[PDB]
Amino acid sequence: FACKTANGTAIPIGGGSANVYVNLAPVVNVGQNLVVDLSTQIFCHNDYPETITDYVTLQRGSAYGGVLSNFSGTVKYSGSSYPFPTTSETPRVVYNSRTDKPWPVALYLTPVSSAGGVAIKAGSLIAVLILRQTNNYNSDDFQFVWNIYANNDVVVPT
C-alpha cells in the first residue's frame, strides 16, 4: 500500500509524510462553504490485492492557521460527515485494487461571524490529515501524514 499526490509526491510502503498544495475559493462570504476536496489530490492503491485487503481510515484531522482561527467546519469521509477537527478514528475504507483510488476526504468550512479580510493566507498550513492504513494479513499499522497548504489567499468580504 502506497499513496501519491496529484502533483506527484509519493509516500511509499510503510507510511511517511507529504505536503499537499490546494487551490481554494478566493472569495467566501459568511454563510458559504469553503470546500477543500482532497479526493482529487490524494490517491492510493493496494500493492497485493490478489491475497491482501488494505483498510484505510482517517485517524486525525487537525486545523491550523487561518482555518483554525477563522473557520468552523466538518469533514466528509467516504460519503459521511464527521466533526472537524476530527478527534477519533473514522470507519475504514477498503482498497482492494492495484489501480489508484482516491482518498475520499473533503473539508467543508464556513467562515465565522467575526471573520473578515484575508481569512486564509497563501502558502500557510491549514490542516494536517493523518491516513492510517492496515490490512487483513499482518500487523501492519502505517501513518500517511498529509500536510495541507493553501496555494492562494482566501478573502472574506466585509
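Superpose the two forms; the largest set of C-alphas matching within 1.5 Å is the rigid core. Note that residue numbering begins at 1 and tracks the sequence as displayed.
> Say the other structures are aligned on the rigid core; which stretch then has the higher CA RMS in 9 other deposited structures of this protein, 86-94 or 54-62?
Larger mean C-alpha displacement, comparing 86-94 and 54-62 in 9 other deposited structures of this protein, is found in 86-94.
> Which is higher on average in the deposited entry, the C-alpha temperature factors of 108-116 or of 125-133?
Result of the comparison: 108-116.
> Pick between 95-103 and 52-60: the one whose mean CA B-factor in the entry is higher.
Stretch with the higher mean C-alpha B-factor: 95-103.
> Test of reading the entry: by CA B factor among the chain's modelled residues, which third contains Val22?
Its C-alpha B-factor belongs to the middle third of this chain's values.
> Looking at the temperature factor on the CA atom of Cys44, which third of the chain's modelled residues does it land in?
CA B-factor rank for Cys44: highest third.
> How does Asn70 rank on Cα B-factor within its chain, lowest, middle or highest third?
According to the entry, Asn70 has a C-alpha B-factor in the chain's middle third.
> Can you work out whether the C-alpha temperature factor of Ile13 puts it in the lowest, middle or highest third of the chain?
For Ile13, the deposited C-alpha B-factor lands in the middle third.
> Which third, lowest, middle or highest, does the CA B-factor of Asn147 fall in along this chain?
Its C-alpha B-factor, which the entry lists for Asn147, ranks in the middle third among residues of this chain.
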